[PDB]
Amino acid sequence: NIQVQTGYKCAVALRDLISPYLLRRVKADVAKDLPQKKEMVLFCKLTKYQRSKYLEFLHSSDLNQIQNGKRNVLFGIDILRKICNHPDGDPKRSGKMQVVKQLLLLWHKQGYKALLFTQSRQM
Amino acid sequence: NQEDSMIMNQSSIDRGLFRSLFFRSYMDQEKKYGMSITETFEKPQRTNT
């Protein structure tokens, strides 16, 4: 029975007290020469191999009897992602590796510079 | 044949009297406790293991 707006109103009550104490310089009068900040999300689907294995981990590990917040349970959170990030394991077994492959080879011919974005040394 | 000892006919024993067979079984399996970590049955070697 509780609405977001009520919670928000409480946040408002505190937030809007900081008017004369808030200083802010904005790039509205600075960023006079830059391109459009474009973004999108890719929709990569799992292969038979990948789909079966991330589910198999969930079916065979029995994390809720191990109890939650345990090493293999929590590892499961990462493992279910690692099914496409690793698996250990040629890239033909990973839709993600195939998407990256295709995009970089496209840009290879386009002559585009490109960044890859990853939050892990193991990765 | 005292104190529960016995004297037996060796030639009857030689003839197979009271012989019996003995059987024993063994069993095993591969991938146990590890995700995608499959242990395996395969002929070993000291340089290979």
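Residues numbered from 1 in each chain as written, not as in the entry; some residues may be left out. Chains lettered and ligands numbered in written order. Part of a larger assembly, values for the part shown. Heavy atoms only, no water.

cryo-EM is the method the PDB entry lists for this structure, together with a resolution of 5.8 Å.

## A closer look at the packing of aromatic side chains
How two aromatic rings sit relative to each other is set out by the distance from centre to centre and by the angle between their planes. Test applied: Between rings of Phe, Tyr and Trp, where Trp is taken as its six-membered ring, a pair exists when centres lie within 6.5 Å; planes separated by under 30 degrees are stacked, by over 60 edge-to-face, and by other angles tilted. Charges are assigned to positions over rings by a cutoff of 6 Å between ring centre and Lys NZ or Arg CZ, combined with an angular limit of 35 degrees from the ring normal.
With the rule as written, the count across this model stands at zero aromatic pairs over all chains. One residue, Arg93(A), lies across the ring of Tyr49(A), its end atom 6.0 Å from the ring centre.

## Details of a nonpolar patch on the surface
Rules: Patch membership requires over 30% relative accessible area and the absence of a salt bridge. Like charges are linked within 9 Å, and nonpolar side chains (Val, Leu, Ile, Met, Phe, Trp, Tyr) within 5 Å. We get accessible surface area from the Shrake-Rupley algorithm with a probe of 1.4 Å; when it comes to residues, only the shown protein chains can shield them. For this analysis, a salt bridge means a side-chain nitrogen from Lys or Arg found within 4 Å of a carboxyl oxygen belonging to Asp or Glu. Strands here are runs of E lasting at least two residues and helices are runs of H or I lasting at least four, both read from the DSSP assignment and numbered beginning at the N terminus.
A contiguous nonpolar patch, built from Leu14(A), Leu17(A), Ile18(A), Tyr21(A) and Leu22(A) and spanning about 590 Å² of accessible area, is present on the exposed surface. Mapped onto the secondary structure, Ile18(A) falls in the loop between helix 1 (4-15) and helix 2 (48-61).

## Notes on the side chain of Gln50(A)
Note the threshold: We call two residues in contact when some of their heavy atoms are within 4.5 Å.
Position of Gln50(A) among the secondary structure elements: in helix 2. Ignoring any residue separated from it by four or fewer positions in sequence, one finds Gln50(A) in contact with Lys45(A), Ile83(A), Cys84(A), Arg93(A), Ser94(A) and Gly95(A).

## So, the environment of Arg81(A)
With respect to the secondary-structure elements, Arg81(A) resides in helix 4 (residues 71-85). Each C-alpha atom, one on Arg81(A) and one on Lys38(A), is 26 Å from the other, the two residues being 43 residues apart in sequence.

## Section: the layout of surface pockets
All names here are of chain A. As a reminder, the rule being used: The method works on a 1 Å grid over the protein atoms by themselves. A cavity is a set of points holding a 1.4 Å probe that cannot get out, a pocket is an open set with protein on both sides within 12 Å along at least five of seven lines, and residues with an atom within 4 Å of a point line them. Grid points are joined across faces, edges and corners, and a volume is the space filled by probe spheres set on the points. Classification used: nonpolar for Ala, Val, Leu, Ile, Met, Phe, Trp, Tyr, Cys and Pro, charged for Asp, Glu, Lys and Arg, polar for all others including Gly.
In this structure, the largest pocket spans a volume of roughly 1,100 Å³. Taken together, 31 residues line the largest pocket, and the ones lying closest to its centre are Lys 96, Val 100, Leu 116, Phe 117 and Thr 118. For the lining of the largest pocket, the elements supplying multiple residues, two or more each, are helix 4 and helix 5 (95-110). Ranked by residues supplied to the lining of the largest pocket, first place goes to helix 5 with eight residues. The class makeup of the residues in the lining of the largest pocket is 18 nonpolar, seven polar and six charged.

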